[PDB]
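Quick mapping for you: the protein sequence lines, in order, are chains L, G and H.
Per the authors' numbering, the first sequence runs over residues 2 to 9, 11 to 27, 27A to 27B, 28 to 95, 95A to 95B, 96 to 106, 106A, 107 to 209.
Per the authors' numbering, the second sequence runs over residues 45 to 57, 71 to 108, 212 to 252, 480 to 491.
Per the authors' numbering, the third sequence runs over residues 1 to 52, 52A, 53 to 82, 82A to 82C, 83 to 100, 100A to 100F, 101 to 128, 132 to 186, 190 to 213.
A short write-up of the structure that comes next.
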Amino acid sequence: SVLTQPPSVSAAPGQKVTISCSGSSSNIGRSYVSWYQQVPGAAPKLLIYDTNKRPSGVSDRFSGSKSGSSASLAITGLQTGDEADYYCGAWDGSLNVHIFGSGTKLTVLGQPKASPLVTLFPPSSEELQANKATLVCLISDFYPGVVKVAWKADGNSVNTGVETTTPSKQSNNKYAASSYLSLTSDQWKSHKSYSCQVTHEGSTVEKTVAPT
Amino acid sequence: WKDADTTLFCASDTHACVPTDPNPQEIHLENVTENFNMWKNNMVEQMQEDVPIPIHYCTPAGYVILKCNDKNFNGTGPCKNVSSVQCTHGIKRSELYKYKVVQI
Amino acid sequence: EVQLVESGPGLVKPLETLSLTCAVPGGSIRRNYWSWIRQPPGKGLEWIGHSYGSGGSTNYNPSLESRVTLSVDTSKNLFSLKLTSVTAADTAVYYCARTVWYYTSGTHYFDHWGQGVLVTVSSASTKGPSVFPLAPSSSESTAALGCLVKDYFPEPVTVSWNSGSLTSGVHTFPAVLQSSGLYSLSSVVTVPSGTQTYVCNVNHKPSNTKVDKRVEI
Ligand SMILES: *[C@@H]1O[C@H](CO)[C@@H](O)[C@H](O)[C@H]1NC(C)=O
Ligand SMILES: [Cl-]
Ligand SMILES: [Cl-]
Ligand SMILES: [Cl-]
């Protein structure tokens, strides 16, 4: 239950970008919107409040607005200092909660965008000897450093037993991430196929393994 | 509503205050006469004791500030034309005594 | 700068109660709203609730309301959070924040934040990892191979390959925490597509465990 934001927004230095935030009339429709900027491992800070007002220390390269049930954060003169995760937020006057958006990673493009290479490992024979089965989806050589990962078993979405790391840099300065589907051996053998689907910048790569 | 005592928050554009209300609105109440008493107003004394740039004092949810808009008014008596507000005007020694807090 | 410093246990067992404290400026605690907000690692923000410093006014996120209690101790300038019956889903960084709310205008936001504290929910005791090979299958110029380092506690684990003789194309991922309460990670390397020898060397100091695993076709 979150206001909807794009996972990734990016541009070369000095360019302008916008970040969308969509909700409904019981929140963004009727309430003021705030925006928060967070460097990972540090607390968020207030970037915009009362829909389009800037606190001290926030430059006028940043501007907020809203139209109906969507809001938007525009940034000009994109630069290193702006690289962060960005969250919108707004009171919901029907549910009486502050609702945050799903979050957008803003990247200043310092190198060629690049699609992910995906390798899916079925469970090892050693792990099946111990009655367990972890599928390991390894994702490498991508930029910018944002992916979404979905798993399926016989074509159906899998929710349980999934853990996924946050993309971080390889030694060649592209990004890698990892995702795991952890089953018992008996669960592994109960389906005909499994797939890891990786979404990056409008692309999807999907790898599949089959027990046996 | 009923005369009550609350801890107000300040707004200003000292950092114990929050930024000002983006949409201050004054709602009149048709008919409606309230007694104000200057000599027993615990909002007003905490206000001026706490005291460009203006500082507003504001009520949390569950309370409201009634404002006297009467042209006779000097702090004490029936007020015939009253408003409810979430904050006072920006204060830069009343009045000031045109305000009292009540609980909803 | 309004300084907020959150405190509490880094580790809590499942189904226990989590208790956190946020220390505040004296000249402001009583005359402001204060919220708790959390963020599971790698995920987004969630508002827990708020409480006026003097009221008499508390609002909880409806989905957590049954499990949540917020309190203000004006005397010791503490803003506190109790959360009962915690599960794997309550692992998060918890933040306190000064909150601005003009209820009649519909504006509610967080203008000063503390630094956050990590609370991990696990029943685990110290445990060394199992290490499993990630063998390459059968495009065909290069192949990825690896070691899955499974089910250890606490962090960290480190990995090298061929006792430090293989470093090119090595990548060792951050750990995940599974809902079992135990961590896992993987290390991978890309090589030419398999007559020569690859061994991952895994160290887990907390259990005093070292593991060498040969990765073969
Ligand atoms: C306030 O008003 C009354 C008339 O309503 C007047 O008699 C009184 O002297 C005034 N008080 C002051 C302090 O001027
Ligand atoms: Cl983009
Ligand atoms: Cl499921
Ligand atoms: Cl088989």
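Beta carbons are placed, not taken as given, at the ideal position from N, Cα and C, and that holds for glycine.
Taking C-beta to C-beta, are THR71 of chain G and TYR217 of chain G nearer than 7 angstroms?
Position 14 of the second sequence, counted from the start, is the residue given in the question as residue 71 of chain G. Position 57 of the second sequence, counted from the start, is the residue given in the question as residue 217 of chain G. The answer is no: Cβ separation not under 7 angstroms.
According to DSSP, is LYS18 of chain L helix, strand or coil?
Here residue 18 of chain L corresponds to residue number 16 of the first sequence, with the count starting at 1. Reduced to three states, the DSSP call for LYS18 of chain L is coil.
If contact is defined by three or more beta carbon pairs under 8 angstroms, each pair taking one atom from either stretch, is the stretch 164-177 of chain H in contact with the stretch 153-166 of chain L?
yes
Using only the heavy atoms of ligand 3, determine whether one of them is closer than 6 angstroms to the beta carbon of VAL155 of chain L.
Stepping through the first sequence from its first residue, residue 155 of chain L is reached at position 158. Answer for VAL155 of chain L: yes, Cβ within range of ligand 3.
May I ask which residues mark the beginning and end of the alpha helix (DSSP H) holding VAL101 of chain G?
Stepping through the second sequence from its first residue, residue 101 of chain G is reached at position 44. Run containing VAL101 of chain G: 99-107, per the alpha helix (DSSP H) assignment.
Pick from G:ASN88, G:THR50, G:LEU483: whose alpha carbon is nearest that of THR236 of chain G?
The residue you call residue 236 of chain G lines up with position 76 of the second sequence. Ranking G:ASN88, G:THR50, G:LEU483 by Cα distance to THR236 of chain G puts G:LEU483 first.
For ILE97 of chain L, name the three-state secondary structure that DSSP assigns.
Here residue 97 of chain L refers to the residue found at position 99 of the first sequence. In the structure shown, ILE97 of chain L adopts extended strand secondary structure according to DSSP, grouped into three states.
Ligand 2 heavy atoms versus the CB of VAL106 of chain L: any closer than 6 angstroms?
Here residue 106 of chain L corresponds to residue number 108 of the first sequence, with the count starting at 1. Result no, Cβ not under 6 angstroms from ligand 2.
Using 6 angstroms as the cut-off, classify the Cβ of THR209 of chain L as near or not near the heavy atoms of ligand 4, replying yes or no.
Counting from one through the first sequence, the residue named residue 209 of chain L turns up at place 212. The answer is yes for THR209 of chain L.
Check for me: the alpha helix (DSSP H) holding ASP101 of chain H runs from which residue to which?
Locating residue 101 of chain H in the third sequence gives position 111, where the first residue counts as 1. It is not in any alpha helix (DSSP H) - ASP101 of chain H instead sits in the beta strand (DSSP E) that spans 100C-103.
Could you tell me the alpha carbon to alpha carbon distance between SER100 of chain L and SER26 of chain L, rounded to whole angstroms?
Indexing the first sequence from 1 puts residue 100 of chain L at position 102. Indexing the first sequence from 1 puts residue 26 of chain L at position 24. Spanning the two alpha carbons is a distance of roughly 14 angstroms.
Quick check on the contact list: which residues have their beta carbon closer than 5 angstroms to a heavy atom of ligand 2?
L:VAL11, L:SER12
The alpha helix (DSSP H) with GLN184 of chain L in it runs from where to where?
Position 187 of the first sequence holds residue 184 of chain L. Where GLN184 of chain L is concerned, the enclosing alpha helix (DSSP H) stretches over 182-186.
For chain L, check one thing: does any of its Cβ atoms lie closer than 7 angstroms to the Cβ of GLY8 of chain H?
In the third sequence, residue 8 of chain H corresponds to position 8, counting from 1. False, the Cβ-Cβ gap to chain L never drops below 7 angstroms.
So, with DSSP's three-state summary, where would you put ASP138 of chain L?
Here residue 138 of chain L refers to the residue found at position 141 of the first sequence. In the three-state DSSP reduction, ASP138 of chain L falls in the strand class (E or B).
Determine, using beta carbons only, whether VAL33 of chain L and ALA71 of chain L come nearer to each other than 7 angstroms.
Residue 33 of chain L sits at position 33 when you count from the first residue of the first sequence. Residue 71 of chain L sits at position 71 when you count from the first residue of the first sequence. Yes, the Cβ-Cβ distance between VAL33 of chain L and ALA71 of chain L is below 7 angstroms.
Please classify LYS81 of chain H: does DSSP put it in a helix, a strand, or coil?
For the purposes of this step, residue 81 of chain H is identified with residue 82 of the third sequence, where counting begins at 1. Correct three-state label for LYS81 of chain H: strand.
Consider the C-beta atom of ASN234 of chain G and the heavy atoms of ligand 1; say whether any pair is separated by less than 6 angstroms.
Sequence index remark: in the second sequence, residue 234 of chain G carries index 74 (1-based). At least one heavy atom of ligand 1 is nearer than 6 angstroms to the Cβ of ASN234 of chain G, so yes.
Whose Cβ in chain L lies nearer than 9 angstroms to the Cβ of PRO81 of chain G?
As a first step, residue 81 of chain G is located in the second sequence; it is residue number 24 there, counting from the start. Near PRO81 of chain G there are no residues of chain L at all, since even the closest Cβ is about 12 angstroms away, more than 9 angstroms.
With which residues is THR193 of chain H paired in a DSSP beta bridge?
The residue you call residue 193 of chain H lines up with position 197 of the third sequence. Answer is none; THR193 of chain H lacks a bridge partner.
Pick helix, strand or coil for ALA48 of chain G, following the three-state DSSP scheme.
Counting from 1 along the second sequence, the entry for residue 48 of chain G is found at position 4. Note: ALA48 of chain G maps to coil in three-state DSSP.
Which residue or residues does DSSP assign as beta-bridge partners of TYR98 of chain H?
Mapped onto the third sequence, residue 98 of chain H falls at position 102. In the DSSP output, where bridge partners are listed per residue, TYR98 of chain H has H:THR100C.
Run through chain L and tell me which residues come within less than 8 angstroms of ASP101 of chain H, C-beta to C-beta.
Translated into the one-based positions of the third sequence, residue 101 of chain H becomes position 111. What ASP101 of chain H touches in chain L: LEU46, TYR49, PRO55.
Please confirm whether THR17 of chain H has its beta-carbon closer than 7 angstroms to some beta-carbon of chain G.
Here residue 17 of chain H refers to the residue found at position 17 when the third sequence is read from its first residue. Judged by the 7 angstroms Cβ criterion, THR17 of chain H is not in contact with chain G.
Short of 8 angstroms in beta carbon distance, which residues of its chain neighbour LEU95 of chain L, apart from the five on each side in sequence? Order them along the chain.
For this step, residue 95 of chain L is matched to residue 95 along the first sequence. Around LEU95 of chain L, the same chain offers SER27A as residues with beta carbons nearer than 8 angstroms, after the five sequence neighbours per side are excluded.
Are there three or more Cβ pairs, one per stretch, closer than 8 angstroms when the stretch 226-245 of chain G is compared with the stretch 83-92 of chain G?
yes
What is the DSSP secondary structure of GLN126 of chain L, reduced to helix, strand or coil?
Looking up residue 126 of chain L in the first sequence gives position 129. In the structure shown, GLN126 of chain L sits in a helix (DSSP, three-state: H, G or I).
With respect to the beta strand (DSSP E) encompassing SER244 of chain G, which residues constitute its N-terminal and C-terminal limits?
Counting from 1 along the second sequence, the entry for residue 244 of chain G is found at position 84. Where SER244 of chain G is concerned, the enclosing beta strand (DSSP E) stretches over 242-245.
Counting only Cβ pairs nearer than 9 angstroms, list the residues of chain H close to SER121 of chain L.
Numbered from 1 along the first sequence, position 124 holds the residue referred to as residue 121 of chain L. Chain H residues near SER121 of chain L: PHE122, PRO123, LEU124, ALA125, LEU141.
When you compare the CB positions of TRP45 of chain G and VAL245 of chain G, do they come within less than 7 angstroms of one another, or not?
Working through the second sequence from its first residue, we reach residue 45 of chain G at position 1. Working through the second sequence from its first residue, we reach residue 245 of chain G at position 85. No. Outside cutoff.
Give a yes or no on whether the C-beta atoms belonging to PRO123 of chain H and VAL142 of chain H are separated by under 7 angstroms.
Along the third sequence, one-based indexing puts residue 123 of chain H at 133. Along the third sequence, one-based indexing puts residue 142 of chain H at 149. For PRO123 of chain H and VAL142 of chain H, no; Cβs fall outside 7 angstroms.
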